[PDB]
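Residue numbers (the authors' numbering), protein chains in the order written: chain B, -1 to 23, 29 to 379; chain A, 0 to 379; chain X, 2 to 11. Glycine residues also receive a C-beta, built at the ideal position from the N, C-alpha and C atoms. Report on the structure given below.
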Amino acid sequence: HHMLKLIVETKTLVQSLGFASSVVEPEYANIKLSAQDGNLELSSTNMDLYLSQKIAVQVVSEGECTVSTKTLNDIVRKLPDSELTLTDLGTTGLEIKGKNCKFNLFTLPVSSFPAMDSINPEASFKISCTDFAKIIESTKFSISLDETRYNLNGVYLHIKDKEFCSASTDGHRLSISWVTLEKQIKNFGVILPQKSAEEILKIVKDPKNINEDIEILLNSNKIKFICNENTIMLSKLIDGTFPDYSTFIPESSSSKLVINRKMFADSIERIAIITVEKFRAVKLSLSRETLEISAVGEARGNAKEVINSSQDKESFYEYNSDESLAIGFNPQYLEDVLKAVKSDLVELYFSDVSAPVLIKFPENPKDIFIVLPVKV
Amino acid sequence: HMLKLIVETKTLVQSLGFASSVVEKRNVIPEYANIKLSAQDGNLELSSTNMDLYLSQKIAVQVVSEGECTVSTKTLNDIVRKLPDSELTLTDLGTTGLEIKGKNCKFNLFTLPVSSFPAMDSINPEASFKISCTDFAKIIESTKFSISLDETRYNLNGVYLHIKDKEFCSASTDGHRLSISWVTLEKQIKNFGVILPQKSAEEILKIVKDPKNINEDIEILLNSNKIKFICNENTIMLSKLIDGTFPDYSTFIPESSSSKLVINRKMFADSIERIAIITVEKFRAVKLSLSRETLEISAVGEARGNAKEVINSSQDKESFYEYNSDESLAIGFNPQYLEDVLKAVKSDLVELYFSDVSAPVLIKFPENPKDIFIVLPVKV
Amino acid sequence: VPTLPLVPXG
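Right, dumping it as structure tokens:
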């Protein structure tokens, strides 16, 4: 009687199953399906993360059931119908039905599926999905992967005056990206695990969400994202203290490079080919007239590219110092930064061969990157 | 006396892709492969060789100075693929290595003692003949998928290239299915039968299928232990042959049948693929419940569920189904073995000839009379 | 390969 039955647009179900799949990364994972009040609610969870998604469907009968996430994902992606019927048939299973094809998936008791934890938040605020995607995109790549340094295995989400900021570091580089809030929020500082950051970023970037807003609710132990009303993610937070990164930002520089971003990234990538693992270094030999990007690989060879001074936007190179500077970097850390912001030009602020480079993008005043050099 | 040439970058990239492809082997990292570069008489010859294969490719270049050198295949490949120039200059500078020079960039790759790189094996052929690349690609495409992967039956780990009267034939079997594909030769060739290893078959197929070769001819020269392909004059591959005998497959082709299915090929393949999703490893099986009025394709997966698709009799080409029997037949197959056959031949329809639930199915495509496939059933 | 002044690790 109270068995779930609904008709759903296949493309929409496929999108939801994609998000439900990636958060529990598989054969043991179950997805809860709940048809109520004109919508289907799809829930996925593990020890760290809980995702609830609601999509509009034609609810023929209200009810709930749970099935294998992977099997449901694999099946729906291969049905050709533009709409599917989902019907809980009891001992027969959950029936997924198109025009000519029927799959029965065995169900597991809904009583075995946990409800989303309650949160009683200490801070609550809303920002655009465009702004939130920006700050995660600009910081997720420089998270520490060293699972021992647990306080660095995520992004540091914090308030500074009216700025909502994300910072990340792995010891070799620092990334900072922020957006101005209109409201006066209490100062907080929490560390969002890498996986949660990756998953929420894909959610806000979805075409249905990117032009809308995301509500953020948090306390010391958990954070809740409500993305465009119908998608809710609850994540644990890392118990740790993020370092005071403010002292890591260079306050002065003795030379400045302005260069076409894509030209610089492509040249670094080309020259880095010759290097060997654990010896990943490219040398930037900077002068007013030319930049030489070079590298060596033991028992492989060496490589050099020359970039000439140019005021043409597509090949732009300007280095306004009489002194030459030869400074080395891990090419991956430069490439990560150059890929993170879509900009014609990039600015690099230097001191000596041992001091970090400050990297900025001219039209992007709320993104800052610091990268340490290597000796070359 | 040292190599110096100018080469169109795109053609060098293409050649390095084949040089990379052919030397890949199990637990052999592509960092060890070396490539010999020989500039002479207006051409660059690129030679790659491992324990199993030799590949020589010639491409037109501007030879400034004739010479030879050897470098890492993977390093040369990875560099040339990232250079934006339409032409590159390659110069062996001696102690500093091979210089690869574009407009703004210079790479130096250390060279290896070029006396260390072996020259191609000579072959004294027992048989030699030419066929079109299109014809050769067809017979390999129709048989490479049913080569055995079981190394304890190494004689089945390749395609059996053989002559039957004026027919040049490829056959393969893994004990579960048999694929046979042939082409008529104009000349009468001395009878032979040799086993081409799977990797060699896959690599020569890619070469003959290249846009620059697919419309031209391939010469095949063989004896009892090696086979040489000369594809469109400028690409030479030499391969070992597997020492073995190939079974007399002719006795395994059903000579009679009691029912026949004619069905739209793509419709059938798509349905098998969907229904197979519910299965698990070690019971990969779909059941065909055949009748005049409908075909039901079904499957079960332990602790997963089950699935069923219904195909209705139809005379429309795009959904064609005809099973001209008063009796019903319920017979099981590994879905992969059916899908492999259905994907091998581009055809609107496919024919399946059945006997009882334990007998093999014979699969033919109506406009393709020189391709034959046999698949044993499984219990369902 | 100098690191930031993080004092566990650097």
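With 16 other Cβ atoms within 10 Å as the buried cut-off, status of A/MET236: buried
Buried or exposed by the 16-neighbour rule on C-beta atoms within 10 Å, applied to B/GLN56: buried
Chain X within 9 Å of B/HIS175, Cβ atoms only: yes
Per-residue DSSP class, three states only, for B/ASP91: strand
Residues of its chain near A/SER37, where Cβ-Cβ distance is below 6 Å and the 5 sequence neighbours each way are ignored: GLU44, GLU67
Beta bridge counterpart(s) of B/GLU166 as assigned by DSSP: B/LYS163, B/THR183
Rounded Cβ spacing between B/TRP181 and B/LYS369 (contact assumed at less than 8 Å): About 5 Å; that satisfies the 8 Å criterion.
A/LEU82 versus A/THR8 - alpha carbon distance: 8 Å
A/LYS342 in three-state terms, based on DSSP: helix
Where A/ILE78 sits in the DSSP three-state scheme: helix
Paired residues, beta bridge with B/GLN13 - DSSP: In the DSSP output, where bridge partners are listed per residue, B/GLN13 has none listed.
Cβ-based neighbour list, B/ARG273, same chain, cut-off 7 Å, excluding 5 preceding and 5 following: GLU308
Cβ-Cβ separation, A/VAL79 to A/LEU11 (assumed contact under 8 Å), whole Å: 6 Å
For B/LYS189, three-class secondary structure by DSSP: coil
Among A/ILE146, A/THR183, A/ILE162, A/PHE191, nearest to residue 380 of chain A - alpha-carbon criterion: Coverage of chain A is limited to positions 0 through 379, which leaves residue 380 of chain A absent and any answer about it impossible.
Chain-ordered chain A contacts of B/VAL379 [CB-CB under 8 Å]: Chain A residues near B/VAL379: none, gap ~17 Å exceeds 8 Å.
Cβ pair B/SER354, B/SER256 closer than 9 Å: yes
Of the listed residues B/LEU177, B/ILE226, B/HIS0, B/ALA275, nearest to B/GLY331 (C-alpha basis): Ranking the options by Cα distance to B/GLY331, first place goes to B/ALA275.
Supposed close pair B/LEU52, B/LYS198 - CB separation, criterion 8 Å: 7 Å
Members of the stretch 93 to 113 of chain A that neighbour chain B once the beta carbon cut-off is set at 7 Å: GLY96, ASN103, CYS104, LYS105, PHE106, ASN107, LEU108, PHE109
Where the stretch 225 to 253 of chain B meets chain X: residues whose CB sits under 9 Å from a CB there: Here the close residues are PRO246, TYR248, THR250, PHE251.
Reduced DSSP secondary structure (H/G/I, E/B, other) of B/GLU254: coil
Rounded distance between the beta-carbons of A/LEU348 and A/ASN263, thought under 8 Å: 6 Å
Any chain X beta carbon closer than 9 Å to B/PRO334: no
Partners in chain A for B/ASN33, counting only beta-carbon separations shorter than 8 Å: Residues of chain A passing the Cβ test: none, with the nearest at roughly 13 Å.
Residue-chain proximity (A/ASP77, chain B), Cβ-Cβ < 9 Å: Contact of A/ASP77 with chain B is assigned, a C-beta pair being separated by under 9 Å.
Stretch pair the stretch 338 to 345 of chain B + the stretch 110 to 120 of chain B: three plus CB contacts closer than 8 Å: no
Continuous alpha helix (DSSP H) stretch holding A/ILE241: start and end: Segment: none, A/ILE241 is in no alpha helix (DSSP H) and carries neither H nor E.
Contact with chain B by A/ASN156, beta-carbon distance below 9 Å: no
Cutoff 9 Å: A/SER270 Cβ touching any chain B Cβ: yes
Min CB distance A/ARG291 to chain B below 9 Å: no
Chain B residues whose Cβ lies nearer than 9 Å to that of A/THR74: For A/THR74, the chain B residues whose C-beta falls within less than 9 Å of its own C-beta are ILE276, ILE277, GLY300, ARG303, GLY304, listed in chain order.
Distance, B/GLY157 Cα to B/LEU220 Cα: 18 Å
Cutoff 6 Å; reference B/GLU23; Cβ partners in own chain excluding five residues on either side: none
Within 9 Å, strictly: CB atoms of B/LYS225 and B/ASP120: yes
Distance CB(B/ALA32)-CB(B/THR72) smaller than 9 Å: yes
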